[PDB]
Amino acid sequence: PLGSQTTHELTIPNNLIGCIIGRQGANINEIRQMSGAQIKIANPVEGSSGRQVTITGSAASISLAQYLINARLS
């Protein structure tokens, strides 16, 4: 659905972003594939403590993507 599509944003602590991405981006690929959401990692900035992530899709797929991000960090 076209009317369901929206955008969300969150911040991953820097020490955790490598886990989210994974080897060759395998982890973030999996989260994208499972959730059906588009997930983009923001350009890194020097001396930040967190890395921004945008998630676009329906509310359901964004909620799933967030859940999977959390699960990956356990």
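Residue numbers run from 1 along the displayed sequence.
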ask   = Of 64 to 72 and 1 to 9, which one has the bigger average CA B-factor?
value = 1 to 9
inquiry  = Per the record, averaged over C-alpha atoms, which has the higher B-factor: 54 to 62 or 12 to 20?
reply    = 12 to 20
ask   = Which third of the chain does residue 37 land in by C-alpha B-factor: lowest, middle or highest?
value = lowest
ask   = Going by the entry, which third of its chain does the Cα temperature factor of residue 43 land in?
value = middle
